[PDB]
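Below: one structure, written as structure tokens.
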Protein chains: 2
Amino acid sequence: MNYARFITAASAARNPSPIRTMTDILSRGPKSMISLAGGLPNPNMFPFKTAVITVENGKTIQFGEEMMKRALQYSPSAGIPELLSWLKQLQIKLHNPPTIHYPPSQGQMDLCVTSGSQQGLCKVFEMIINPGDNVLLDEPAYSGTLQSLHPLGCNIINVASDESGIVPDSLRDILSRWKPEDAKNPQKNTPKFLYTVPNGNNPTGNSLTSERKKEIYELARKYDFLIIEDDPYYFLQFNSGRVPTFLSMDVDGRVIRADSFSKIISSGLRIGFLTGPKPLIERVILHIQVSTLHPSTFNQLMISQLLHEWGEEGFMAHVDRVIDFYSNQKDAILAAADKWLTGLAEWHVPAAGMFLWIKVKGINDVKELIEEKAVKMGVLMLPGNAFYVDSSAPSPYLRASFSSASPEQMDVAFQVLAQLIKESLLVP
Amino acid sequence: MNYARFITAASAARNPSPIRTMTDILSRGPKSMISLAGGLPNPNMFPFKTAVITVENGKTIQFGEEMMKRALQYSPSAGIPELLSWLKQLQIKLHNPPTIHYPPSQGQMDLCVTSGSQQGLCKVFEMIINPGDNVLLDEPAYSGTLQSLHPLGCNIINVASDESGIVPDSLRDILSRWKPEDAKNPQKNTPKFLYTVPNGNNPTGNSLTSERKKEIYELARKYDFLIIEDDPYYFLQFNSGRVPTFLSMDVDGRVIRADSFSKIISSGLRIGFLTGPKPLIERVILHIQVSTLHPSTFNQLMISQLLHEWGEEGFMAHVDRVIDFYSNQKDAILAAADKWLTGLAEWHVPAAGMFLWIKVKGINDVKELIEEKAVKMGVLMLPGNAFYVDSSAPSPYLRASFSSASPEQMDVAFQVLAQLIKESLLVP
Ligand SMILES: Cc1ncc(COP(=O)(O)O)c(CNc2cc3cn(-c4ccccc4)nc3n(O)c2=O)c1O
Ligand SMILES: Cc1ncc(COP(=O)(O)O)c(CNc2cc3cn(-c4ccccc4)nc3n(O)c2=O)c1O
């Protein structure tokens with residue numbers, strides 16, 4: 001593939017740090033080397049000495065004197081080597097990407113640890129988007145993505161979707177305005193990429209099927225666009241097993257995948273990872289180098305130590321317990337919606353994640369009913385407006401999270417909503 | 001001050017996330033509220049339970065069950081409130097900025113925690129720079145800043161400098177190409193900003209005097225440009241007292257200051273902070289919101305707990321012990337250079353920081369000596385090329401860090417350097 005056409009002039013202009021050549025020559029010189037090269041501060045000046053972190057339950061992560069000095073010091077831009085190698089093997093085990101052994105220039109599978117998956121996505125959007133470029137996505141979409149794309153000056157083209165996510169026939173119809181050969185044409189503006197959240201879309205809770213992913217991938221090949229697979233709910237699917245990902249079917253090296261530890265390990269530690277073709281991942285790493293430099297070494301070492309002790313089996317057993325908890329939370333929110341909202345609202349059973357997307361029946365805009373009337377009654381939900389490119393347009397939808405509230409709290413919240421629907425209906 | 005004229009259309013287009021709006025109406029409603037509006041994962045699913053971190057020396061930082069759940073959860077984009085308030089008070093005590101009580105629109109002093117000071121600088125450059133803009137700086141300059149500015153398409157104008165940093169007469173001569181009234185002219189390209197490292201410039205080690213800062217500030221007012229004060233060695237000055245900063249003389253609200261904890265507390269934790277006018281700090285926070293979201297909550301809580309227990313006095317006492325250690329390292333590197341390099345190289349005594357900037361006599365380019373010959377002999381130093389806009393031009397300079405090597409290691413390293421210089425001197 002020609003990666004240069006999916007890279008801005010600014011992104012292509014990025015050069016590596018002078019410390020890259022120094023690290024490459026460090027592995028080509030003697031063993032007992034003296035370095036006065038790096039701008040590394042003295043680790044003995046740091047006030048934190050050792051650390052003990054207890055793990056669920058009875059287990060213990062310990063940072064001795066030397067490990068603590070490493071944790072408090074600068075580390076590689078793409079992430080610590082032990083976390084990268086464990087994650088690489090996880091990706092091979094979970095997705096077996098076709099690109100593992102491709103030459104670097106042909107999109108060889110590459111990884112980098114990011115400060116949450118949001119950082120990876122942002123660098124990816126900034127690497128690709130020139131003002132006026134065309135991008136594809138299905139609305140309602142994650143507000144963070146829309147807020148990230150809005151300043152970039154791109155035209156966002158909405159792809160139709162249903163309970164099984166993106167409708168491939170709608171994507172087929174949209175793309176028919178171009179001819180496949182337009183992707184090679186400098187005077188044509190064929191879409192740079194398709195962005196999607198394939199499992200438990202934020203805010204709908206809907207997931208793509210394997211069949212639909214195969215059809216979407218074939219259209220991405222035909223019109224030569226990238227697939228940005230933002231999958232933070234991959235490890236939060238309600239069904240047993242896992243639907244094959246876009247990365248698993250990536251024969252062309254056209255998929256950039258974002259994974260997150262936010263919903264399973266910790267959101268506050270800011271650790272996620274990007275998997276994709278080496279020429280694109282390299283552009284992202286060069287941008288990280290001049291911004292955050294690297295993700296927290298301390299946080300990476302905590303997660304790396306946990307993952308190595310658990311192994312892939314202990315990791316998957318932990319995700320299984322997390323899924324079990326969210327599955328019960330999902331049943332409790334569905335039971336509250338059944339009790340109070342039957343006849344008043346419409347909702348689908350979410351396939352993954354932590355949200356219930358509710359459509360209020362005889363109301364055009366839910367914003368004032370929620371942002372004002374519901375708050376006064378002691379209940380807060382998110383109005384749907386925030387999940388569309390045109391956020392000023394009226395929305396009868398609301399997003400309700402089932403991650404934290406108790407069944408009794410959900411019952412209170414839904415009873416209130418039901419009376420406010422009956423209130424906004426009897427108004428002349 | 002007209003802040004919109006300094007920023008890009010993309011930066012001005014940034015909008016806040018909806019989670020800020022929901023928090024604004026949270027305090028505006030009852031106390032025992034049920035909120036299904038948020039997107040926070042359930043914290044009880046996170047595998048880390050408690051933490052104990054030992055501090056220098058005999059002291060301990062503890063994260064109980066509830067504090068650990070906070071540390072592992074999402075937190076505000078600008079930083080945790082207790083770290084922000086402690087940092088705000090430190091800035092007032094150290095710099096007493098003239099803008100503390102200005103209205104928000106007039107550049108009221110504002111702060112935000114960043115994932116290292118490099119993130120703050122990068123967001124600041126991205127917020128300001130349109131291709132073709134003129135920017136001022138003194139070369140040799142920090143490689144990270146040059147590598148960051150290079151993709152932005154700006155014209156970098158070199159300001160002459162000496163052992164006391166930027167020469168105000170050179171800045172005066174450069175600016176004379178414009179008339180002060182051109183700064184109000186949209187069709188003129190007057191400089192957007194002056195960037196400088198006022199204490200222990202990376203790589204020279206040179207520091208600006210108070211008198212030079214006052215003259216530079218007056219030129220910044222006359223031609224209406226911003227001052228980007230990148231000061232990571234502010235807490236690493238070898239001279240007695242601290243030279244007043246650009247922020248301390250900032251009557252106009254034209255200074256953006258970057259501070260770093262990398263050289264004093266931890267480089268690996270990725271915690272720094274930006275201080276500047278509220279309209280500009282807000283644009284940076286809005287960009288952080290779509291990228292890293294926030295700095296690690298865990299890392300901020302560790303630093304915040306340490307700073308609150310130390311107090312500002314304990315913090316300043318720690319910086320004194322750090323300066324004392326680097327002052328001794330500086331004497332050891334100067335003694336090693338005197339012994340091995342006299343007649344072979346030239347160097348100035350650094351005023352602050354951790355680097356010795358060495359000019360090799362009789363050689364035009366030190367790159368092959370440093371990147372190949374020295375590495376093979378087991379010694380690493382940085383060639384000077386990386387500190388200039390034109391990195392391909394030959395450089396007789398090298399940067400040697402005195403932060404980590406022992407006096408015995410410096411002696412070995414410089415004996416090797418002397419040997420290689422001698423070898424080069426004999427080749428005709
Ligand atoms: C003027 C100025 N402005 C801002 C900052 C940024 O500081 P933050 O940490 O607060 O973001 C600095 C920090 N400088 C350096 C930081 C460096 C880090 N590595 C390194 C070495 C090995 C592995 C990974 C990284 N090597 C470094 N070298 O060589 C440096 O010079 C600065 O000097
Ligand atoms: C599809 C998709 N893609 C990527 C990501 C990013 O994940 P990372 O953490 O890996 O960067 C998500 C995460 N989503 C959300 C994250 C949220 C964080 N806060 C919050 C709440 C209070 C204080 C501070 C922040 N509120 C949030 N809300 O509302 C969310 O929906 C995602 O859903």
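Ordering of the structure tokens sets the chain letters (A, B, ...); residue numbers start at 1 within each chain; ligands are numbered from 1 in the order shown.
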
Where does chain A meet ligand 2 within 6 Å, residue by residue, with the nearest atom pair and distance in Å to one decimal for each, counting only C-alpha atoms and all ligand atoms, listed by chain and rising number, as a tab-separated table?
```
residue	atom	partner	partner_atom_place_in_ligand_line	distance
A:116	CA	ligand 2	11 (O)	3.8
A:117	CA	ligand 2	10 (O)	3.7
A:118	CA	ligand 2	11 (O)	3.6
A:142	CA	ligand 2	1 (C)	5.2
A:197	CA	ligand 2	1 (C)	5.9
A:202	CA	ligand 2	1 (C)	5.2
A:230	CA	ligand 2	3 (N)	5.9
A:232	CA	ligand 2	2 (C)	5.8
A:260	CA	ligand 2	10 (O)	4.3
A:262	CA	ligand 2	9 (O)	4.8
A:267	CA	ligand 2	9 (O)	5.2
A:272	CA	ligand 2	10 (O)	5.5
```

Convert the current residue selection to file output with N, CA and C atoms, as a compact mmCIF listing (two decimals), in the first residue's frame.
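The resulting selection-v3.txt:
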```
# COMPACT_ATOMS: atom_id res chain seq x y z
N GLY A 116 -3.52 6.56 27.27
CA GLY A 116 -4.92 6.24 27.04
C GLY A 116 -5.12 6.01 25.55
N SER A 117 -6.21 5.32 25.15
CA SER A 117 -6.44 5.13 23.72
C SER A 117 -6.79 6.45 23.02
N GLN A 118 -7.36 7.44 23.76
CA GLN A 118 -7.72 8.76 23.22
C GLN A 118 -6.49 9.46 22.59
N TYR A 142 -19.08 8.54 19.35
CA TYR A 142 -18.39 8.99 20.56
C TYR A 142 -18.08 10.50 20.45
N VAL A 197 -16.59 2.14 16.15
CA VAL A 197 -16.45 1.51 17.47
C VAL A 197 -17.23 0.20 17.27
N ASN A 202 -20.29 3.72 21.56
CA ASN A 202 -20.59 4.78 22.50
C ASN A 202 -21.28 5.83 21.62
N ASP A 230 -11.60 1.75 16.65
CA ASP A 230 -11.54 2.25 18.03
C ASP A 230 -12.33 1.24 18.86
N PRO A 232 -12.55 0.24 22.56
CA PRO A 232 -12.35 0.21 24.03
C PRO A 232 -13.25 -0.77 24.77
N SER A 260 -7.91 -0.10 24.68
CA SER A 260 -7.89 0.63 25.93
C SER A 260 -7.94 -0.32 27.13
N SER A 262 -8.81 1.21 30.02
CA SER A 262 -9.64 2.09 30.85
C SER A 262 -10.84 1.46 31.52
N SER A 267 -8.71 3.51 34.21
CA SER A 267 -8.92 4.67 33.34
C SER A 267 -7.96 5.81 33.73
N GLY A 272 -3.10 2.92 27.16
CA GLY A 272 -3.79 2.26 26.06
C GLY A 272 -2.71 1.89 25.05
```

> Got a sec to tell me which of range 139-357 of chain A DSSP assigns to helix (DSSP H, G or I), as a PyMOL selection string?
Replying inline: chain A and resi 143-152+168-175+180-184+210-222+234-236+247-249+278-289+297-341

> Can I get the residues close to ligand 1 as an NGL selection string, where close means within 8 Å and we count only C-alpha atoms and all ligand atoms?
Replying inline: (:A and (19 or 37-40 or 74-77 or 291-294)) or (:B and (115-119 or 121 or 141-145 or 197 or 201-203 or 230-233 or 259-263 or 267-268 or 270-272))

>> Ranking A:189, A:57, A:155, A:296 by minimum distance to residue 266 in chain B and counting only C-alpha atoms, which one comes first?
In response: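 Counting only C-alpha atoms, the residue closest to residue 266 in chain B is A:296.
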
>> Residues of chain B were defined as contacting chain A if any atom lay at most 6 Å from it, counting only C-alpha atoms; please report them as JSON, numbers by chain.
In response: {"B": [10, 13, 14, 29, 30, 33, 34, 35, 36, 37, 41, 42, 46, 47, 48, 49, 50, 51, 52, 53, 54, 55, 56, 72, 73, 74, 115, 118, 119, 122, 144, 148, 151, 263, 265, 266, 267, 268, 269, 270, 290, 291, 292, 296, 297, 375, 376, 378, 379, 380, 381, 382, 400, 401, 403, 404]}

>> Neighbouring residues of residue 418 in chain A were defined as those with any atom within 9 Å, considering only C-alpha atoms; residues of the same chain fewer than 3 positions away were excluded. Please report them as a ChimeraX atom specification.
In response: /A:340-341,344-345,413-415,421-423

>> I'd like the neighbourhood of residue 160 in chain B as a list in words, where a residue qualifies if any of its atoms comes within 7 Å (using only C-alpha atoms), though same-chain residues fewer than 5 positions away should be ignored.
In response: residues 138, 166, 167 and 170 of chain B
